[PDB]
Structures are given as structure tokens and as C-alpha cells.
Amino acid sequence: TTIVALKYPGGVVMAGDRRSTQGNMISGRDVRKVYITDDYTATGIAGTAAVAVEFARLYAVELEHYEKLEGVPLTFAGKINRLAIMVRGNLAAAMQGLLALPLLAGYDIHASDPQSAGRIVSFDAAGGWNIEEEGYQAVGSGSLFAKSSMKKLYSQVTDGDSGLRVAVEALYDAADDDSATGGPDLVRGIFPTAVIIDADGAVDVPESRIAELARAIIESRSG
Amino acid sequence: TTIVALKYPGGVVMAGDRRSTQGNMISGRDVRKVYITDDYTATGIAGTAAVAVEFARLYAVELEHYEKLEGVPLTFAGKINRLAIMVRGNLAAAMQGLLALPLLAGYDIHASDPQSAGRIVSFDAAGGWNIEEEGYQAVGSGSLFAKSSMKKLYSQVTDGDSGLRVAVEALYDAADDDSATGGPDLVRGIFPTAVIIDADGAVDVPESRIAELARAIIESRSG
Amino acid sequence: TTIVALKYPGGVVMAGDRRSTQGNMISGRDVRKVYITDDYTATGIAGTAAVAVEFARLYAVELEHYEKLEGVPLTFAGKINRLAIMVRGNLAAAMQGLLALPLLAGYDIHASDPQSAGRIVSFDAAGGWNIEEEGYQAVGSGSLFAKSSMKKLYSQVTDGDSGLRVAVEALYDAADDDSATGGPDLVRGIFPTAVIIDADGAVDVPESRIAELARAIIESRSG
Amino acid sequence: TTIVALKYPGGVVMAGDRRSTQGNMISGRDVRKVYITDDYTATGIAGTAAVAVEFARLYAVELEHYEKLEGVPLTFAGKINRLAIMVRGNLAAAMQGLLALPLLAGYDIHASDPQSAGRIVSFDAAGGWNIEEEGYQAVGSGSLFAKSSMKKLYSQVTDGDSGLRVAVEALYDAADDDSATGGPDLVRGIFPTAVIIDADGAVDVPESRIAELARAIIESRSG
Amino acid sequence: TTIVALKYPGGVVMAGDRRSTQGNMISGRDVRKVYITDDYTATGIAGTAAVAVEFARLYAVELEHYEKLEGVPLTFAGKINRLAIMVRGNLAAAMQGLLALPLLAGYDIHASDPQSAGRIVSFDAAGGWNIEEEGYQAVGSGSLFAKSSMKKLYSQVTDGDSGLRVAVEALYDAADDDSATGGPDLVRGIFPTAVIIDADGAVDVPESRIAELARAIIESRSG
Amino acid sequence: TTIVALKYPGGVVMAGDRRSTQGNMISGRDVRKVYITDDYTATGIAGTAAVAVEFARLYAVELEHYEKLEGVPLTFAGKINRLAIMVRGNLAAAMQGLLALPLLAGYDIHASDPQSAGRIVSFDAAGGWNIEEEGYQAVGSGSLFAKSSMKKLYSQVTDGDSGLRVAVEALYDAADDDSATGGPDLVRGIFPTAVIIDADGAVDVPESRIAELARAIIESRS
Amino acid sequence: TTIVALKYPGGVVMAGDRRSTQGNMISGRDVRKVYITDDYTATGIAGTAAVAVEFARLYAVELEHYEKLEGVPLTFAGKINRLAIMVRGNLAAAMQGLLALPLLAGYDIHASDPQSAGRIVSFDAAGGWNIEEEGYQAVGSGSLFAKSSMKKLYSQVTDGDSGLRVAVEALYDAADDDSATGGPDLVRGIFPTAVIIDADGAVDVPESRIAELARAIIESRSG
Ligand SMILES: CCN(CC)C(=O)C[C@H](NC(=O)CCc1ccccc1)C(=O)N[C@@H](C)C(=O)NCc1cccc2ccccc12
Ligand SMILES: CCN(CC)C(=O)C[C@H](NC(=O)CCc1ccccc1)C(=O)N[C@@H](C)C(=O)NCc1cccc2ccccc12
Ligand SMILES: CCN(CC)C(=O)C[C@H](NC(=O)CCc1ccccc1)C(=O)N[C@@H](C)C(=O)NCc1cccc2ccccc12
Ligand SMILES: CCN(CC)C(=O)C[C@H](NC(=O)CCc1ccccc1)C(=O)N[C@@H](C)C(=O)NCc1cccc2ccccc12
Ligand SMILES: CCN(CC)C(=O)C[C@H](NC(=O)CCc1ccccc1)C(=O)N[C@@H](C)C(=O)NCc1cccc2ccccc12
Ligand SMILES: CCN(CC)C(=O)C[C@H](NC(=O)CCc1ccccc1)C(=O)N[C@@H](C)C(=O)NCc1cccc2ccccc12
Ligand SMILES: CCN(CC)C(=O)C[C@H](NC(=O)CCc1ccccc1)C(=O)N[C@@H](C)C(=O)NCc1cccc2ccccc12
């Protein structure tokens, strides 16, 4: 698994690979690991499938629950705190093998500067979290390759589109060096999933855009 | 890892993928797992790289050693016994993690029928061996997938070319369902290695032939 | 054990073998592993017999329970979720040996496209689920052999009859390569169980048609 | 695995199934487990393949070695003792999992009565042996099914041919109730191996005769 | 211990031996292991004596309890389910050595065809149950000898008498090959217990009839 | 520890950091992990210090031993084999925790094409080796960061100088993301060590040039 | 991690590094480890991030909770006790790896002598506490090095500013000899965090001040 997220001027982007394994065996090619959890938040998760989907689902339900009870959505800090509490709650099972870590990408509507209002928060198995002030982050078995790639490509991020390309390319490098992360399947037409978040909300990036970027990167490395 | 071997009228074919892993990380893209061990036999090995290479090298040396000492090469059965004894010798280390299993493909010059002179022999970690009378065999983490693919495609084997095609395609399905097995890397131009053996001896199949077969299988599954 | 399920135009088909073992001993020849759980759903289960049957029975009761309490059946997603939760509840006992995995086949009455309204969902020991968009799926000790067979035979599926034949042939390959999966017993007249589900509901396929198909497969493979 | 042996008037017969497994997976369909160890003796071995084949090979070499050194073959008692000593020698490795048990069938050329000159000897993991004066014996995972079948069918043994039928049928029942023992494959034309031993020596029973008897049994149990 | 049960046209028969052991020592010669649990059902149990007798006693009590509470006896399926739940309830204690498995024989008065209304249900330590469609079944340390005997004698079962004799003979073979199963004691006048169940109900077969069959079997095996 | 090696037209370069640790404590700031083992080969080692230095020392001794006994140096393949056999020999102690892996960089004088005669060989704890046809390789706790950095910077390698810079920068990224890899110490004046190998042989890169390259990278990222 | 605290005439200062690790990998460069817990107390914590942040936040909440409930802040002894209790409460999780130790720096408004009203309290994993009468203290993986540095530099503490310089220099030495403690990053402009506390309350030391002191130290150690 590899989940990546990076800040661009005025928003944030998150993308994830599509491969699911049981040990060395490929058990899935079309899985979705990045979920829109509310109008301004997306979550990408690495780890045990059952636990990850449970995280995404339960979290979305909790956030909208607070919003309907109290007539107002949680502050972003509050959203972070609830996700962390959820992870910490799973710690016991995580130590026996049902481990899953989330990566949080959001747009803080109450932030002062709407152009840096994007937020990227990483978590550990104990619920400890860090808000990434360096602009990008990744989680999963390919997260080191992806981060080290973005370290070189991040200066090319000037808007949402260029940031989306850097995200897809980081996933490409991850899948290149990690067998548990899936690269683009040009035969089946399966590409990474992406979510883009700005002041207008969180939207799924359409498949075709990611496919165009994928073919562009592949060509770039061939000739 | 996936190593395949199949009999065709008048010869035998063996092919292997090019991937090396350490856990989930890709540690090699160009490795060689199929070795010509003598003029009429090739060995492909799965398992720990160091032990596999030592097997191939030491075995080739042993065969040519006997051939120079006694002026005549071993009967094929004798070659079988030697590889088996070598494998059994390693059992202790195999238990401690240095496990490697070979697959032997040969052409028996002393066979009655020059068309069924192909031989495929499989081994286990304790040296037990079986001569495959069903025409094909595979070993490695993707070997089950390769075998099940060849079970369906084997009726199409009529000459060296079709047999080589079925072999490469079995490797394709294997890499398709196993992350530890590498498929064709069309970007870097890295394809499986193949060895073909007939009455004229054992030759390495050039990479361009396999490249053509790979592209053929791909656009065969694309439409 | 092997259970297979595949989508065909306008419906879904699921079939399961009939063998029960205790270690190497054959303890059953006539076992039924595919259960109609409601008017539009069948469940086939692999694993400990007690746990498998208990799953099927309790699941059917739960679905129809909701249907009578609320005057309407669950949406298909709801059926998936309840099965997953049931599996997850058993995780503790499964870790001690009472392990069972189900495979879900259903027809979604609320789907827009009647042709693709078939649904096949697979589960793992932790309740994680996947809706298979590639058309077929299997579970059990022979599941990899069956999946790899259907990978080659699936293009021949155009109706319920051809799909049922591909299913039975997949079970044949599974039982061919798996000692824990039982093939057709022509001496005793015992054949796999099959369930077909379309807009008209879920019905048991009559044993005679499965017999016909089994003999067709056998005869095509002997000459 | 199942090996059977029975005494008939004027000779002895031994037969073995053809299946090789790794756990539940069928890893071989054609293996030979019954070996002619000298002009008047055959050995069939059950257990791990490496140790079984090693037993057969080494034993045959030992017997013929004594015969060429001393110009005369061992008494049957001597053959028994040497096989026993070999098993006891392997006891340590067997206790570590490399376990194999043989079954000995011979014709004692020095017996007074040529009708009761048949000999059937069974062994345990510590080398203890028993000469079976009840006429039949079996070894392997299906040996209890085979023994109990012969307990009912033994009265039908009147010559080498009927004894061969009873042997093949006992193997049939063994394969019927034990998944680790393989029955006759009428699709592939693979049947158990048999060796018959009388005053003229030990000879392999031709494939076609066993095939005939197998179909006789099958059509006998169907109608 | 050995308990056998078989279906005959219009009824069912169950019989059990009389031996009780502590390790190798004979601790009982006249014990009863087959109990009439209700007007149309008998249960025979193998395993720890305290647990077996408690199963039989509590089970009969449960059946008659339901009958008196609801004015009607349980359907046979219900009887199965309650016995299964009882076994599963004992599972934990079973894995500490207090293990007992039952074998259920009944006559389903609500079946459509009165001549095939016989029912034989076997259970495992986890409560999994199977209704035996092949006509006979056994449980205990001698159960495999008994089953393999009935496999040969079952074609002779045409009525209650032939079914009874076949059962008693199966117990004879079980006791012949199993030291934990007791054969007929002609010195003490102690023979297996048997229950016959048809449309008129379940009755204990008198000792005289069983002794008669025992002597018949012995002289059949002597001459 | 992080050791990097990369091929450039007509040669090869290898560089390694200077940090030695015991757990979290820094126990050394100036160590040398890249050694010239013969006129045309250098070896850099990661792992337990004792095993690493013993590897380098015994390896150099073995090569020169064969050269003096037989009047000719080992073929490059032979050098590979001897280093591999040494690692395999250490496997047992390595399993007790005394693990060290080498990285081999050489110039093959018997090579067909003098431009592409550079060679880079990596090893695992069992003596398995791989000759890298992709131009660069690294070993140690920061080797993932260094490899992934070179994956982006390698297209900039056109001569010995650009290759040396790329190596030093990969070490910079490695030390940036790995606490067990030491970056340039501008206060104490301690920089990575580097060895360059071409047809004229293997020579130590002088400290001054690495210091310059480091300060250029630093000023470039600030 | 390294947290230092030292008393100066009329106040106290506490400072902490900014590095976060996962084993050898640096997972953070800007983390905050020193928290102002109330107007007159700051807490810095070393260990697992989740537990440390939870300690700081929960502690601040508890103190202000008492202040609002009872209209008056806790005595310093009370503050110390509550923190001590909080740690002892975490002891169980600490035994399993979720270990965190705090270091408390405060200004006792009720102290008799205002120029020595600074207080420094250290804690162990069981909640045992000690008030440091020697003027300075440290906690974390670099605390030995920082303490031994302050042991030499403490005579230079004459006002708040000299105390701040000595604190920063101790952190510098700690990061110099410990890889788990991060020094000043002049490229990214990230420096230790510092809090100063006197009678006017607890205030965060501005980053520019610490940067000045850091660069001064570096220049002093280079030339
Ligand atoms: C979707 C469920 N299926 C098919 C039935 C799988 O095969 C998933 C696989 N389960 C397992 O490997 C089973 C783990 C387990 C639990 C209890 C006892 C023993 C073993 C998995 O989680 N693999 C992990 C390593 C993984 O791939 N994780 C990647 C991942 C991340 C976020 C969302 C995802 C959604 C679906 C699938 C994967 C997802
Ligand atoms: C070429 C060697 N390199 C680079 C230095 C590797 O990373 C290989 C990798 N080592 C390891 O996994 C080392 C594990 C180990 C052994 C002993 C003690 C501690 C740890 C491997 O064998 N992987 C296995 C799973 C594998 O990929 N096996 C496939 C394979 C088969 C036949 C010939 C091969 C030759 C080269 C590489 C692979 C080969
Ligand atoms: C039906 C009960 N009988 C006859 C007495 C069996 O022999 C079944 C067998 N029990 C066992 O092997 C007992 C395992 C156990 C339980 C408790 C403590 C320790 C060990 C089994 O489940 N085997 C597994 C491997 C299996 O065959 N699984 C296949 C299977 C799948 C779905 C529904 C099924 C229903 C009936 C039989 C089999 C079924
Ligand atoms: C023939 C070699 N092959 C193919 C590579 C096999 O798969 C055989 C299989 N080895 C194994 O299962 C490997 C055992 C092992 C050794 C060390 C560490 C871990 C595991 C086997 O013996 N199976 C047993 C259950 C068996 O089938 N035994 C039956 C048997 C009896 C007499 C002669 C035989 C000759 C060939 C095959 C089987 C024979
Ligand atoms: C109760 C009858 N007596 C005399 C006091 C026995 O010694 C029987 C013997 N007890 C024991 O072996 C005691 C074992 C034990 C109990 C608790 C903790 C640790 C160990 C037994 O169960 N034997 C087993 C192997 C057995 O024979 N089982 C067969 C059996 C089946 C159904 C009903 C039965 C009724 C009486 C005797 C046997 C019965
Ligand atoms: C010898 C240098 N000194 C000073 C006495 C050290 O403390 C080094 C440190 N010893 C240790 O960690 C002791 C290992 C040990 C062995 C047996 C039982 C318990 C513990 C080390 O090797 N650290 C490893 C992690 C390391 O830093 N390795 C880096 C390294 C690589 C290549 C050549 C090197 C040469 C000198 C120093 C380091 C070198
Ligand atoms: C901030 C959260 N992140 C980002 C994903 C981290 O990587 C932190 C890292 N987690 C871990 O090391 C995870 C440990 C764990 C927990 C449960 C099961 C298995 C393993 C850590 O605490 N490292 C320790 C060694 C550390 O650096 N501790 C320093 C420290 C002290 C006070 C406040 C802090 C706040 C944030 C970060 C660090 C802080």
C-alpha cells in the first residue's frame, strides 16, 4: 500500500494505489484506499483491509453525527483528535496483527490564509499525530520511496494540476520499488485513486485525468 | 520467483522471471534464475539467491568434472541423483532459512525416441525427486498460477515456438497473480530468461524473441 | 473445500464441492456447502463444518428477521455488512481453529442494469470484504486452482448454461489439484451443488444438469 | 500413500498407488512406490519421498552386493534383518520428520512348500518387523482401509491373477476413503503399480492388466 | 469403544460394545453405551464415560421436556440441533480430555416415505453434524474397522434382521482389530447392546437374539 | 551508515559518511567506511565496525596475496566471488548480531568497453551478490533515501565531477532522513570520504573538493 | 529527545529539542515537546509522542479544571501530586512500551523568597518525584549529556538571559552526542523550543531569540 498527500496553493491532494495482497499473493486490483470522510476531509489508510474500511466508515459517521447533533461541524483540530482517539482505541488489536494507520488530508475552512489552509496529518499505531509543515507525506509499505521522490519533485508544485502529477508520480516510484504497491495497469485500465480538496470541498479526481498523467510519466521514462 | 519448464516435440523449454525481493522491497530487476548447467541440461532455482546460485554453479562444475575425469558425461538419471544429493546436503541450512529448490530440464541423448527425449525433474527440500510425465512443471511462489495456466494452454504446444510462447505466458499469469514474480518491464526492456534444449544442445533464447512474445501476450489481453 | 461463483448475463451462479475430511480421511461424500440464504442470495462457506453451517443458518435467519420486522429486505450493501460483522465476531474462535470463510453471491433487485445485477463478494477472516468486479471468485483449499481455471474459461460465458458449465469445470480443476476438494463421483452419482440467481430468484440447479455437464467435461478431457 | 501385499497359492503380489501430496495439494500423479529389490523381492515404501526412494535404492544395492561378494544370495531372514537395521538406522531422522516405513514382499526359494513360500513382512519406525502369516498386509495412510477390505476379499484369492484383482481393489478402497492415496485415473490412464513374485522371480505386472482390472472394479460398483 | 448404526428398509439399527477401560486396564465388562433417548430415537456415545452418560441422560430429558411443554415432540431436525448444541457446549471441557462424541439414530415419523424414514446423524467435537446418506456410520476407536466392514456387508441388508446381523458383525470386526472395543464374551454371557427403531418405535433387542447372531458369526469365522 | 556508489562515463565513484553509533549515542564522528582494496577496486562496508574493518583488511590482504602468489591479479569476477565467500563465512556470527554488508566498486581493466567498464556489486548477509546494471547503488541504514535521491539526480551524471557531486548529495539526503547517517559537520570540518576509480586506478578524493561540494549543496537548499 | 530546565534568579526556564524518530528514521523536525500547562507551570515530556501529548493536554485541563471549580489554583505541591498520579496511572501501559516521563518547571507564587521561587520536579515511571535542589535537570535520551554540560555551565547563570543561553547550549551538547536529539537546523530555521517563567507568568521564548543564541554557540564552537 502507498498513500500520498501533498499541499498545493489553495488546497490539498491525496492519492493511493489499488493493489491488495494476502502475503505475496495479489488478492485485489481495484480496491479504494482513499475516502472522502466529509466535505473538507479525505482519509487514506494502510494496513488490514477490514480495519481500514472500518476506520473510514466509522469516522465519516462520527463527524457527520457531531454536525447533526450540534448544528456545526467540528473544528479541524477536533477532527484530528477524534481520528487519533479511534486509532488509539484499535491499538490492542493492532498489536495482535489488525494494524491500520491513516493519513488525513483536509482543508481548514477557519484557517486565516485560504491558500495554505490545506492540512496533512499523519498518525502512528498509538494515535500520536503530526501536522506536516513540510507540505507532503505518505504512509504504507512504499511510503519511503514516495516521500523521497516527492522530496525531489515538490518544487514543481505550483497549482492543483501540477500537484496531482507529483502525487501520481510519487505513487509510481513507490510501486516501482515496492511489490506491495500497485502501479498503473494499462491492460486493465486501473489507476491510482485521487481526491482533491480546496475551498469548494472534496472531490474525486476523475479516472481519465489520472490515466493521462500515468501515461505521461511512463512515456517520460521510456522515450 | 517463478520457474517454468515444458516439453515440446523434440525438445524442452525453461523460463524464469527477473525479480529479486527482500520482504516487500524490490531488490533486483535483472537477475538470472535459469542457468545452462551442461550442454543438455538447464537448472532454474527458486529460493534464497545465494544458495540458488551456489547450486547452479556447483552443479555445473560437478557434471563437467565427471565428464573430464571419466571421458563421458553422466547418464541423465545420474545427473538427477547428483542434484538430489546436493539438495539433500543443504537440508540443515534449508531449515534455518537458506532454502532453495531447483527445477531440472534436460534432453536425454540416450532416449529411444528423439522426440520424447525431453525431461523435466522436480525436487523438494529433502532431495526427493519426480520426473514429470505430464509435460510441464513450475516452482516458486507463482508456480501454482503458472501450472494452472499451462494446464489450459498446453494443448497448443506443437513445436519449439509455441512451447516457448506457452512458457512465457505462464510466467505472465504467474507475475500477474504473485507480487514476488516479475512480469515484463516494457519501460526498461527487461524480460524473462529462457533456455531451449533439443538434440543440437541447449541455447539461451535471446531477449528480443521473448520481448516479441511478451508484447504479443499483452496486446492479446488488451483487444 | 472449493466454492466458486461467477456472474453471467442477467444473473449469478455459485457451486460447491461435496467432500468433507478429517485430516486425510474422507469423512463425507455428499456434503452441501452452498446455501440459499434468501430469495435473492446464496452463501457458500469453507472451513470447519460446525462454524460454516452455523454461519449459513444464522445469516438466513438474520436477513429474513429484518425483512419481517421492517417490511422490506435489506439493501444488498446491508446484507454484505451483516455477513462481514458476523465473520468478524468469530475472529477469536477462528484463531483457535474454528475458522470459516463465506463467499456471497446475490442479485441486487435495486440495480439499474439488469444484465450486471449479479454480485459476488469475498471475505477474509477479519471480515474485510471485496465486491469482485472481474466476474468470478472462489474460496477454499482449491480456490486458487479454480480461479486460475476460470481466468482462462470465463470468456466462454454467455448465459446461465455456459456459466454453470464453466463453474463446474472450475470445480473439476480444483478437485483435480486439491485432495481436500471432491470431484464428481460417477460411481455414486454425487455431483457438486449449484445455485442460480436471476430476477426470478434463487433456485437450486437440478442434480441431473450438473451430472450432464460433468460427463461432458470428463469426455472432453479423455479424448 | 497405500501399499498392499498378499500371499497367493504359489506366489506373492504387491501393489501401490501413484499419488504424491504436499499437504492437501496433489504434487504428483505418476510416482512409483513399489520397487523390485532383487530377483525374488519387492519393497514398497510410504512416507517422505526422499527417504522412501533412498530406502529402496540402498536396500537393492545391499542385497545384490552381498550376492556378488559371496556368490550366493542372502536367506530371506537375512534380507529381513538388513531392512530392519536400515529402518532402525533412520529412526533419528524419522523422529525429526523424515519418516518412511517399508513393506517387504518376497518368495523364499529355500522354503519346502512352493505354495506357502510367499512372505509378507511389515516394519515399524524402530525396525521391529512381523512376518504376516494371515496372508496380507498394507502400509501407508490408507493401510487400515486396505487391510479391512482385504479381510473381506481375501477368500477370493486363488491364483496370482485373482490376488492381483484383490490387491488393486484394496487399493481402490484405500483411495476411496483416504485423500492422500490416489485411485485409478481413467482420464489420464494412470493406475497403481504391481509386482508379482513366484518361483520364476519377480516381474512388474503390465499396465494394461491393472487397467482392465480397475475398470472391472469400477463398472462392478456402478452397474 | 465402537458404536455402529445402519439404515434398513423401513427402519434403523444401532449397536454398541460393552467394554470400559482406564488406559490398558479393563474397568468394565457390561456397560451400556447405546441409549433409547425417546420413543423414536436412540443415541450411542463414545468417549469419557461420565460425559457420555450425562449427554444421553440430559438429552433424553431435554426431548421429553419439550414434548411435555409443547404437547408435541420436536421435529427430527430439531432433535439434531439440540444434540449438536449440547456437544458444542461441551467443546471446552473436551479439549481438556472430557471428550464425548454421539451417534444419533432415529425414525422420522414425519417423513414422506416411511420405508426410507430411517436417519443416522454423526457429530464432531465442535457440534458439526452430518445426516448420513450412505446408509451406515460408526464412532469410537474401532469405528474405522467397523465402517470398512459395513462397506462390504451392507449390500446384504434387506430388512431388520439382516441389518442387525451386519451391525453385530461390524462390532465383531471392530473388537477383532481394536483392543479398546470388547467382543462377545461367551464365558460371561456378555454381548453388545442393540436398539431397533421403526414406525412402531424404538426397542432394545433382547440379549438372546444378539447372542444368537454372535455365535453365528463366530462359527462362520471358524469352520 | 550510508555508502553510495555510482558509475560515470569512464569510471566509478564511491562515498561514505563518517558517523559511528552505539544505539542512539554518537560514538564516532570521523570514521572511514570506504577503503581502497586494490589499485582498481574500493569497498565500503555497513554494519558492526569490527566486522566491517576486518572485511576490508582481510579482503585487501587476500587480493594482494593471490596477486603475489600467481603473478597476476584476480579477474573481477573472482574478486566478487572472494568477497561473497567471505560474507557467507561470516553468516553465523551475523545471525548472532555481528552483521556487516559490503558494497564493491571497481574498474574492470579486462572489460570490452573502457567507457562502461565501471562495476558496482552489492551483497547480502548470505554472500549473494548482484551486479547493478542501473548505474548506482547504496548500502546502510540510509541507503533507501540515497537510492531514491539518485533515482532523480542520476540523469545529471556526465563526468567525474558531476558524479562525485551526485554521490555527495545522495549522502546528504541520507543523513537528512536517517539519524544513523552523519551529514557534513561544518563546525568540525568533517565531510564524507570518497574514492574515484578510472583507467588510471583508484584514488582518494581529496577532502577540499568534497567540502566545497557539500557547501554548494547546503547553500543550494537554503 | 532532550528536555532541560534550570532555575535562574527569580525564575525558571525549560527548553526542548524538535526531533521525532521511529527507530533510526527521523519522522519529525518541528515537534513541540515543552508545553505551558498553566500561567505558572510548564511541562516537557520525553517518550512516546501519543502519551507525552496526552499527558500535557490532560494535565493542563486538570489544573484549570480545579481552578474553575474551586475559584483558586492548586498549591504547587498539589500540582506535583496530580502529575505524579497521572504518571503512576500510566505505569501499566508504560510496561508494554507506551512510556513517557515528564519534567515539570514552575514558579511558586506562594513561595517565601521570590528570587528562588523557581521549582523543578522530575518523575519516574512509577510516579516517584523529586524536587531538584541543585538548580537544573533534564529528561530524555540526551539528558545525561545535557546534565553534565549544565553541571559545568550553571555558574554562568545570573539572570533569565544567561539561563536561556545555558539551556540552549545544553541542548546543543545533547544533540551533539545523541542522534535521537535534534540540534539547530540552520537550513530549515528550526530551533529548540523554550519557555520562561517568572512572577509575571509563563511565556514562550520567541524563536528569533533562540536562533540568535544558537548561531552564537555554533560560531563559538567553530571560530
Ligand atoms: C478486502 C478483503 N480481502 C479480500 C477478501 C483481502 O484479501 C484483504 C487482506 N486480508 C488479509 O490479509 C487477512 C488478514 C487476517 C485477519 C485475521 C486473521 C488472519 C488474517 C488484507 O487486508 N491485505 C492488506 C495487506 C492490504 O492489502 N491492505 C490495503 C488496503 C488499504 C485500504 C483499504 C483496502 C480495501 C480493500 C483491500 C485492501 C485495502
Ligand atoms: C542478489 C542478492 N540480493 C542483493 C544483494 C538480494 O537482495 C537477494 C535476497 N537476499 C535476501 O533475502 C537475504 C536474506 C538473509 C539470508 C541469510 C541471513 C539473513 C538474511 C534474496 O535472496 N531474495 C529471494 C527472495 C529471491 O529474490 N530469490 C530469487 C532468485 C532465484 C534464483 C537466482 C537469483 C539470483 C539473484 C537474485 C534472486 C534470485
Ligand atoms: C459434519 C461433521 N463431520 C462428521 C462427524 C466431519 O467430519 C466434519 C469435520 N470436523 C472436524 O474435523 C472436527 C474439528 C474439531 C472440532 C472441535 C475440536 C477439535 C477439532 C470438518 O469440519 N472438516 C472440515 C475440514 C470440512 O470438511 N469442511 C467442509 C465443509 C464446508 C461447509 C459445510 C460443511 C458441512 C458438513 C461437512 C463439511 C463442510
Ligand atoms: C517427489 C518429490 N516431490 C515433488 C517436488 C514431492 O512433492 C514429494 C513430497 N515432499 C515433501 O513434501 C517435502 C518434505 C519436506 C522436507 C524437508 C522440509 C520440509 C518438508 C512428499 O514426500 N510427499 C509425501 C506425502 C508422499 O507423497 N509420499 C509418497 C511416496 C512414497 C514412495 C515413493 C514416492 C516417490 C515420489 C513421490 C512420493 C512417494
Ligand atoms: C465410569 C466407569 N468407570 C469406572 C469408575 C471407568 O473407569 C471408566 C473410565 N473413566 C476414566 O478413565 C476416568 C478419566 C478421567 C476423569 C477425570 C479427570 C481425568 C481423567 C473411562 O472413561 N473409560 C472410557 C475410555 C470408556 O470406556 N468409554 C466408553 C463408554 C461410553 C459410553 C458409556 C460408558 C459407561 C461406562 C463406561 C464406559 C462408557
Ligand atoms: C569500534 C568503534 N566504536 C568505538 C569503540 C564503536 O563504539 C562502534 C560500535 N560498536 C558496537 O556497537 C558494539 C557491538 C557489540 C558486539 C558484541 C556484543 C555487543 C555489542 C558499532 O559497531 N556501531 C555500528 C552501528 C556502526 O557505527 N557502524 C559504522 C561503521 C561502518 C564501517 C566501518 C566503521 C569503522 C569504525 C566505526 C564504525 C564503522
Ligand atoms: C508524532 C507522531 N508520529 C508521526 C507518525 C511519530 O512518528 C511518533 C513516533 N511514534 C512511534 O514511535 C510509535 C511507537 C509504537 C506505538 C504503538 C505500537 C507500536 C509502536 C514516536 O513517538 N517517536 C518517539 C521516539 C519520539 O520521537 N518522541 C519525542 C516526542 C516527545 C514529546 C512530544 C512529541 C510529539 C510529537 C513527536 C514526538 C514527541
# chains A, B, ... in the order shown; residues from 1 in each chain; ligands from 1

$ residues_around --residues "residue 163 in chain G" --least-positions-apart "2" --cutoff "12 Å" --atoms "only C-alpha atoms" --output "PyMOL selection string"
chain G and resi 4-15+135-136+150+153-161+165-170+194-197+210+213

$ residues_near_ligand --ligand "ligand 1" --cutoff "6 Å" --atoms "only C-alpha atoms and all ligand atoms" --output "VMD selection string"
(chain A and resid 1 20 to 22 27 31 to 33 45 to 49 52 to 53) or (chain C and resid 122 to 126 128 to 130)

$ write_last_selection --atoms "C-alpha atoms" --output "short mmCIF file (atom, residue, chain, number, x, y, z; two decimals), in the first residue's frame"
data_model
loop_
_atom_site.label_atom_id
_atom_site.label_comp_id
_atom_site.auth_asym_id
_atom_site.auth_seq_id
_atom_site.Cartn_x
_atom_site.Cartn_y
_atom_site.Cartn_z
CA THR A 1 0.00 0.00 0.00
CA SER A 20 -4.48 -5.61 -2.23
CA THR A 21 -2.46 -8.63 -1.14
CA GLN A 22 -2.57 -11.62 1.16
CA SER A 27 -5.97 -10.56 -3.93
CA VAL A 31 -9.54 -1.55 -4.20
CA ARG A 32 -10.15 2.00 -2.98
CA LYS A 33 -7.92 3.15 -0.11
CA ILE A 45 -5.39 4.16 5.15
CA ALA A 46 -2.73 1.44 5.01
CA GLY A 47 -2.93 -1.95 6.67
CA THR A 48 -5.55 -4.61 7.36
CA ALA A 49 -8.45 -4.16 4.97
CA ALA A 52 -9.04 0.36 7.32
CA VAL A 53 -12.53 0.40 5.84
CA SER C 122 -15.46 -12.32 -0.88
CA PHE C 123 -14.47 -12.14 2.79
CA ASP C 124 -11.37 -12.72 4.89
CA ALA C 125 -11.02 -13.96 8.45
CA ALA C 126 -11.25 -10.38 9.81
CA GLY C 128 -12.83 -7.44 5.24
CA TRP C 129 -14.87 -7.75 2.07
CA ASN C 130 -14.39 -7.17 -1.64
#

$ interface_residues --of "chain C" --to "chain A" --cutoff "12 Å" --atoms "only C-alpha atoms" --output "compact mmCIF listing (two decimals) with C-alpha atoms, in the first residue's frame"
# COMPACT_ATOMS: atom_id res chain seq x y z
CA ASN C 81 -22.23 -5.59 6.12
CA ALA C 84 -18.91 -9.17 7.45
CA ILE C 85 -19.83 -8.33 11.04
CA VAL C 87 -17.36 -13.14 10.30
CA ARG C 88 -15.51 -10.57 12.43
CA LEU C 91 -12.32 -14.00 14.63
CA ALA C 92 -11.39 -15.00 18.18
CA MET C 95 -7.74 -18.00 15.70
CA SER C 122 -15.46 -12.32 -0.88
CA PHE C 123 -14.47 -12.14 2.79
CA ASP C 124 -11.37 -12.72 4.89
CA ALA C 125 -11.02 -13.96 8.45
CA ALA C 126 -11.25 -10.38 9.81
CA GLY C 127 -14.46 -9.51 7.96
CA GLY C 128 -12.83 -7.44 5.24
CA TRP C 129 -14.87 -7.75 2.07
CA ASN C 130 -14.39 -7.17 -1.64
CA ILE C 131 -17.04 -6.94 -4.33
CA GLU C 132 -15.44 -8.67 -7.30
CA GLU C 133 -15.78 -6.60 -10.46
CA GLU C 134 -13.87 -9.10 -12.63
CA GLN C 137 -14.36 -15.62 -7.43
CA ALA C 138 -13.69 -18.72 -5.33
CA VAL C 139 -12.88 -19.74 -1.76
CA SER C 143 -9.73 -21.72 -4.67
CA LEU C 144 -6.53 -20.80 -6.46
CA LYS C 147 -9.73 -19.06 -10.02

$ interface_residues --of "chain G" --to "chain F" --cutoff "9 Å" --atoms "only C-alpha atoms" --output "list in words"
residues 21, 24, 25, 26, 27, 141, 142, 176, 177, 178, 179, 180, 181, 186, 187, 188, 218, 219, 221, 222 and 223 of chain G

$ atom_distance --atom1 "CA of residue 99 in chain C" --atom2 "CA of residue 90 in chain E"
18.4 Å

$ residues_near_ligand --ligand "ligand 6" --cutoff "7 Å" --atoms "only C-alpha atoms and all ligand atoms" --output "VMD selection string"
chain F and resid 1 19 to 23 27 to 28 31 to 33 45 to 50 52 to 53 98

$ select_by_dssp --residues "range 34-89 of chain G" --states "helix (DSSP H, G or I)" --output "PyMOL selection string"
chain G and resi 49-70+76-89

$ select_by_dssp --residues "chain A" --states "strand (DSSP E or B)" --output "MDAnalysis selection string"
chainID A and resid 2:8 11:16 20:22 25:28 34:38 41:47 100:107 118:123 129:131 136:140 178 185 190 193:198 201:204

$ atom_distance --atom1 "CA of residue 102 in chain G" --atom2 "atom 11 (C, counted along the ligand's line) of ligand 7"
17.3 Å

$ residues_around --residues "residue 67 in chain A" --least-positions-apart "6" --cutoff "12 Å" --atoms "only C-alpha atoms" --output "list in words"
residues 38, 39, 60, 61, 73, 74, 75, 78 and 79 of chain A

$ residues_around --residues "range 156-170 of chain F" --least-positions-apart "5" --cutoff "8 Å" --atoms "only C-alpha atoms" --output "PyMOL selection string"
chain F and resi 4-9+11+13-15+145-147+149-150+192+210+213-214+217

$ residues_around --residues "residue 35 in chain D" --least-positions-apart "3" --cutoff "8 Å" --atoms "only C-alpha atoms" --output "PyMOL selection string"
chain D and resi 32+42-44+56
